[PDB]
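Q: Quick one: structure below, then a few questions.
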Ligand SMILES: Nc1nc2c(ncn2[C@@H]2O[C@H](COP(=O)(O)OP(=O)(O)OP(=O)(O)O)[C@@H](O)[C@H]2O)c(=O)[nH]1
Ligand SMILES: Nc1ncnc2c1ncn2[C@@H]1O[C@H](COP(=O)(O)OP(=O)(O)CP(=O)(O)O)[C@@H](O)[C@H]1O
Ligand SMILES: Nc1nc2c(ncn2[C@@H]2O[C@H](COP(=O)(O)OP(=O)(O)O)[C@@H](O)[C@H]2O)c(=O)[nH]1
Ligand SMILES: O=C(NCCN1CCCC1=O)Nc1ccccc1
Ligand SMILES: [Ca+2]
Ligand SMILES: [Ca+2]
Ligand SMILES: [Ca+2]
Ligand SMILES: [Mg+2]
Ligand SMILES: [Mg+2]
Ligand SMILES: [Mg+2]
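Residue numbers (the numbering used here), protein chains in the order written: chain A, 10 to 63; chain B, 1348 to 1785; chain C, 3 to 427; chain D, 182 to 533.
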């Protein structure tokens, strides 16, 4: 039951108590993912307009 | 002094952000028009509260915050609310139609078109920071904006602010206050893409905030106001170390050092006490031991689960009010003798304690009563993996039939991203069991 | 400012559409002249979802009236609330459709559709943010069925990423004008399967049986049937016309109700349904028990023959929300065998403070049930009974159609029934 | 109308409890994967406790205490007794035991040999028994070399505890036996003891000079009905119920079952359950727990009771299924979900 690193200031204090010792995607790659999904929407909508033209 | 920028995404992030900044002002003595009498340095100064507020020549204290919602109804409340004067229009960004509770809609269809705008506004705040620590991001799991747009914002922030820390405050979905059936989908989708980008995430289960309102505050049918005012008390307790003089959790880096030994397991459980109904005739003020012991009761955890059947990796006691270190250690002694607190062998069995003498500030007219001492415990327990299990199970039920998947594929998302995100969660649950169970 | 464009086509569509605007105009405090005279701010909070605001504070329904003969729309204009509709929004021909899908979809209707899209485009071009469209029509006639679906086909082509919603009156031999109604309905169902996101199925037999057995109306009329439709249409659109966060817009509604693109046909319901013992107060448990009774449902499909994929309940009136939650959970926890277990929390509930005109508190029921396949099964049998002898086909071949097109619509709806069948197990 | 699910088709006890629930007309059984249930009769292994208590409006109840495995596992019980101050290493009613890991994998190998060598020098009886939870697989030997080598041949953890060389023998027969007690702990943590117990007796005369033939040493119902040639000789199915055992203790020993054995049994039950109450109690938990336990005891010629093991998913005597299962519905299930005596239990009051 040890206390360590007691820090005291005007608005309080802090300390540690021990009971027992122990034993990313680039900007390019993010733009591709976004444009790839935008392209899949474009293709799906194209097939719908193609369907409606028939 | 180092600055902290807060970002509020979606309806949940914005309404919770509203309640927190309302509280931050009452705690620092900042009036709704931004004026702060106690601040003697007019339009400047590197004080502890200046991590969350900048200053203008007129002496206005402006929250270092950005609000983002793909629909303008929720943010218009801020534009015409009590603290409409605190913010300038640049800080409030609103689209015209939301993500329809569709992760893919918030991340891809709509997110692609507005991301560059949010980052620009965010960069404007960064340009006032002489030493930016990082970001605190408020958002929900279930919403299409909070889940879908947040994950994209986090990915870009890691590219623009590589060395900066990023913490989260995430709302875990609860059916009692949810009418979206696909929230398990969005939650697991946004946890997959954000896991490698978030340094520390405090989850709040609406189910837990809900019962605490009915049980402790005797609120028969809690509203978002009731929930958010209580949530902002916890958030206030967590962020106090950044806004006040002190030596524990003084910058965002310390949150990861003190709470996250392994990166993927970065979801500390929060437990708060006491919560007392202001409508009470008059309550008997609890002691240090009593509020400390309450930190090991499931009934006041932000996420319902059983820490007795997990293993602790870290533990922080944040006290506010009449509390001296002598009382903390005495209470801790009597809890080890009566409580099941199993630490991992590769971590010391101890507690970090911070004490701020100013007791909790309550919103005048709110539901919470003024108390002389409160505590918020931040502990990293494997027990919180129960929440991932619950959520993953619901995911499995719907996805087994591909129910609702067409709404996501229809917004340009590939079906394979579902299974990809689900396997990540299966690994996350696995990491937890490897650390806690024998 | 999420605007919805309303379109009513044909006889049935315009008479139900008329009563619908009559009912909600009263709930928003709008008089027949478009002037507001309500007493609550909640009445105008979401007023721009169905009404445009003109000079002098006038509110004009955002509705387009379509028909291939003038008759019905002359009654609307001379009706009580007729003066409220935008005169330019009356689009009508003179030949009629002779209860003929081919005339509404290919010949007579094809001649008039473009001019209807000129008005549709005009109303949409003045929307701050267009949610989507709602169409009221019958499937058993010629105009609302044939031209109605032709309009949906051409509206999707111009607004592909908006929500398309329909209130579709399905025909029944027990309440029938002509014997070709199964032909017209089978041709439209395929259109709706492809080109709508939400279709509220309304079986005229359910309306008649309710008026007869429940409401104790000796000799029901189309007007009595339309009174129910009005009240039901007002209920299902409560989410859209008042402050709320549950199913607030059409897309969010679809996202929560349509787990599969083609299975988007809903069974509506309404409680209370009392004959004139009408002044008795109705309790929350009663309101909930009735709302789920098949006799209170308007698709003439027994829900106890299928399973619910999703359910959206709306409670209107000042009541105990705590007591609403318990009764809802009680019905789910008392009959969980009729709800699929692979959609967690597939039953949602919403509350509204403003009750309908003349009720302390009511409840509207939107169910996406696999039992709806019985409706398409009845229509398919009636179709095949005549088509196997090619009976009455000359009406359609004479308009240019071929027998093949009938065989395909027949095969399409059988597929639809088979799709509902696999999810029932 | 309450709702419950069945996730353990192999449970004979809860197959009867479910049969009784449906017989009341007020409990509706749902599919084993429907979450909208009031009661769960869960599986034995990997019961998803984390998914309980999260359904709005449903008070949910399960038939297992999360964490009770600490008591119903051979090694777990040993570690629990030696580490729990409430039980202490000097526990007088639990045979001296040790946890021994096979050498192909903490471990108490040397601690065992130390105590073993002391008995070897002190001329005292030095006969131990090696057993494990992964058994039908038991070895009784007086040589430590054979007990340790037997565990290394296995790939799971075993326990070596002192073999009761002076067990109480019944007459006629000169035969060893054991006692099975059924205990039920409700959601409030009341410890109820079933008034009816059973004695699974050995149909073979106890032999102290031959631990190889494990027919007169092991009193397991399956071993006697398979390798014992006198099965069913003295009592039906090698099962002597309390009414007969009490008459024997009076005609032979001039004592009663209550005084000589039952007081000790009740004491051991409290100390075990009370010990772990702070760890498994569901008093302030989002769901509720109750469980039925099967305690196994030994009686020596000195009329001293020793704890053998605790079974978390025990079975019941064929003759007592009706009475016991019905009781479970009264104190454990209906107490939480009431319907629209002379209790068959004995409450063991204690300080929570
Ligand atoms: N605690 C709390 N939870 C909220 C609040 N608002 C919404 N939620 C929760 O958030 C989830 C829905 O996500 P939202 O934030 O409303 O959705 P969104 O971020 O606006 O994204 P959209 O789909 O575009 O509307 C539900 O589970 C709600 O319970 C709030 O103000 N406080
Ligand atoms: N230390 C000891 N002294 C004397 N006998 C012992 C003993 N340990 C075990 N036994 C004998 O073994 C039998 C119980 O074995 P044990 O309970 O360890 O195996 P098991 O758990 O597979 C049977 P069950 O679980 O059904 O009670 C008893 O009949 C007892 O006679
Ligand atoms: N509920 C209801 N159904 C109607 C009404 N008028 C016609 N119908 C039904 O609609 C079908 C006929 O379609 P109708 O609208 O008259 O043809 P249209 O004018 O060419 O579109 C028949 O099945 C009728 O039973 C009405 O006012 N109310
Ligand atoms: O106009 C007529 N038939 C048009 C074709 N049809 C027949 C079925 C419905 C329909 O549209 N018939 C007619 C009848 C009386 C007087 C003058 C003419
Ligand atoms: Ca200053
Ligand atoms: Ca990073
Ligand atoms: Ca012509
Ligand atoms: Mg939103
Ligand atoms: Mg007609
Ligand atoms: Mg066993």
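For every residue, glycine included, the Cβ atom is placed at its ideal position computed from N, Cα and C.
1. What in chain D is Cβ-close to residue 331 of chain C, meaning under 9 Å?
2. Which residue's Cα is closest to the Cα of residue 250 of chain D: D:435, D:472, D:452?
3. Could you name each continuous beta strand (DSSP E) segment of 3 residues or more that falls completely within the region 1373-1455 of chain B, going from the start of the chain to the end?
4. Starting from residue 1667 of chain B, trace the beta strand (DSSP E) both ways and give me its first and last residue.
5. Can you round the beta-carbon distance between residue 476 of chain D and residue 487 of chain D to whole angstroms, since I take them to be within the 8 Å contact cut?
6. Please report whether the beta-carbon of residue 162 of chain C lies at a distance below 9 Å from any beta-carbon of chain A.
7. Within the continuous alpha helix (DSSP H) that includes residue 194 of chain C, where are the two ends?
8. Residues of chain C with CB under 7 Å from residue 57 of chain A, in chain order?
9. Roughly how many angstroms separate the alpha carbons of residue 405 of chain D and residue 244 of chain D, rounded to a whole number?
10. Within 10 angstroms of its Cβ, does residue 1693 of chain B collect 16 or more other Cβ (buried), or is it exposed?
11. Please list the segments of the beta strand (DSSP E) lying wholly inside the region 1610-1658 of chain B, counting only runs of 3 or more residues, in order along the chain.
12. With residue 256 of chain C and residue 199 of chain C assumed to form a contact (beta carbons below 8 Å), what rounded beta-carbon distance in angstroms separates them?
13. What does residue 15 of chain A reach in chain C if we use C-beta pairs closer than 9 Å?
14. Give me the chain C residues within the contact set of residue 205 of chain D, using Cβ-Cβ distance strictly less than 8 Å, ordered along the chain.
15. For residue 131 of chain C, does the count of other Cβ atoms within 10 angstroms reach 16, so buried, or fall short, so exposed?
16. Take residue 1695 of chain B and list the residues in its own chain whose beta-carbon comes closer than 8 Å to its own, dropping the five residues that flank it on each side.
17. Is residue 479 of chain D close to chain C, meaning its C-beta is less than 9 Å from at least one C-beta of that chain?
18. From residue 502 of chain D to residue 197 of chain D, what distance separates their C-alpha atoms?
19. Mind checking whether residue 204 of chain C and residue 301 of chain C have CB atoms under 9 Å apart?
20. Mind checking whether residue 1723 of chain B and residue 1571 of chain B have CB atoms under 9 Å apart?
21. Taking the beta carbon of residue 1350 of chain B as the centre, do at least 16 other beta carbons fall within 10 Å, making it buried, or is it exposed?
22. By the three-class DSSP mapping on this structure, what secondary structure does residue 31 of chain C have?
23. Should residue 1402 of chain B be counted as a contact of ligand 5 given a C-beta to heavy atom distance under 8 Å?
24. Restricting to Cα atoms, I'd like to know which of C:160, C:55, C:182 is closest to residue 128 of chain C.
25. Please check if any C-beta of chain C sits within less than 9 Å of the C-beta of residue 54 of chain A.
26. I'd like to know whether the C-beta of residue 347 of chain C is nearer than 9 Å to at least one C-beta of chain B.
27. Give me every residue whose Cβ sits closer than 5 Å to any heavy atom of ligand 5, in chain order.
28. At a threshold of 8 Å, does residue 1525 of chain B count as lining ligand 1 (C-beta to nearest heavy atom)?
29. Beta carbons nearer than 8 Å to chain D: which residues of the region 1669-1700 of chain B have them?
30. Give the secondary structure of residue 20 of chain A by DSSP, where H, G and I count as helix, E and B as strand, and everything else as coil.
31. Applying the 10 Å Cβ sphere with the 16-neighbour rule, what's the burial state of residue 267 of chain D?
32. Cβ closer than 8 Å: which chain A residues qualify as neighbours of residue 159 of chain C?
33. Which runs of the beta strand (DSSP E) fall wholly inside the region 335-367 of chain D and span at least 3 residues, in chain order?
34. Following a CB-centred definition, is residue 278 of chain D positioned closer than 8 Å to any heavy atom of ligand 6?
35. Which chain D residues sit within Cβ distance under 7 Å of residue 324 of chain C?
36. Count the other C-beta atoms from every protein chain shown that fall within 10 angstroms of the C-beta of residue 204 of chain D, then say buried if there are 16 or more, exposed otherwise.
A: Put simply:
1. Listed by position along chain D, the residues whose Cβ is nearer than 9 Å to that of residue 331 of chain C are 217, 236, 237, 238, 239.
2. Taking the Cα of residue 250 of chain D as reference, the smallest distance to any Cα among D:435, D:472, D:452 is reached at D:472.
3. Within the region 1373-1455 of chain B, the complete beta strand (DSSP E) runs of at least 3 residues are 1400-1402, 1408-1410, 1412-1416, 1439-1441.
4. Residues 1659-1668.
5. Distance from residue 476 of chain D to residue 487 of chain D at the Cβ level is roughly 11 Å; contact not present, criterion being Cβ atoms closer than 8 Å.
6. Yes - at least one Cβ of chain A is within 9 Å of the one on residue 162 of chain C.
7. Counting along the chain, the alpha helix (DSSP H) containing residue 194 of chain C begins and ends at 183-197.
8. From the beta-carbon of residue 57 of chain A, the residues of chain C found nearer than 7 Å are 162.
9. It is roughly 31 Å from the alpha-carbon of residue 405 of chain D to the alpha-carbon of residue 244 of chain D.
10. Exposed, since its Cβ has fewer than 16 Cβ neighbours within 10 Å.
11. Counting only runs of 3 or more, we get 1616-1620.
12. Their Cβ separation, rounded to whole angstroms, is 5 Å, which keeps residue 256 of chain C and residue 199 of chain C in contact under 8 Å.
13. Per Cβ cutoff of 9 Å: no residues; residue 15 of chain A is ~49 Å from chain C at best.
14. Neighbours of residue 205 of chain D in chain C, taken as residues at a C-beta separation under 8 Å, are lacking, since the least C-beta distance is about 16 Å.
15. The residue is exposed, with fewer than 16 neighbouring Cβ atoms inside 10 Å.
16. Counting only Cβ-Cβ distances below 8 Å, and skipping sequence neighbours, we find nothing.
17. No, its Cβ sits nowhere closer than 9 Å to a Cβ of chain C.
18. The alpha-carbon atoms of residue 502 of chain D and residue 197 of chain D are separated by roughly 8 Å.
19. Contact flag set, yes.
20. The answer is no: Cβ separation not under 9 Å.
21. The residue is buried, with at least 16 neighbouring Cβ atoms inside 10 Å.
22. Note: residue 31 of chain C maps to coil in three-state DSSP.
23. Proximity of the beta carbon of residue 1402 of chain B to ligand 5 is indicated: a heavy atom of the ligand is located closer than 8 Å.
24. Ranked by Cα distance from residue 128 of chain C, the first of C:160, C:55, C:182 is C:55.
25. Against chain C, the CB of residue 54 of chain A has a partner CB under 9 Å away; the residue lies at that interface.
26. Yes, because at least one Cβ of chain B sits closer than 9 Å to the Cβ of residue 347 of chain C.
27. With the cut-off at 5 Å, the residues found are B:1386, B:1388, B:1392.
28. Yes; taking the cut-off as 8 Å, the Cβ of residue 1525 of chain B has a heavy atom of ligand 1 nearer than that.
29. From the region 1669-1700 of chain B, only 1685, 1686, 1687 have a Cβ closer than 8 Å to chain D.
30. Note: residue 20 of chain A maps to coil in three-state DSSP.
31. Residue 267 of chain D is exposed by the Cβ-count criterion.
32. Close to residue 159 of chain C, with beta-carbon spacing below 8 Å, are these residues of chain A in chain order: 58, 61.
33. Complete beta strand (DSSP E) runs here, min 3: 339-343, 358-366.
34. No - ligand 6 has no heavy atom lying nearer than 8 Å to the Cβ of residue 278 of chain D.
35. Here the premise fails: no neighbours, minimum Cβ distance about 10 Å.
36. Answer is exposed; the Cβ neighbour count stays below 16.
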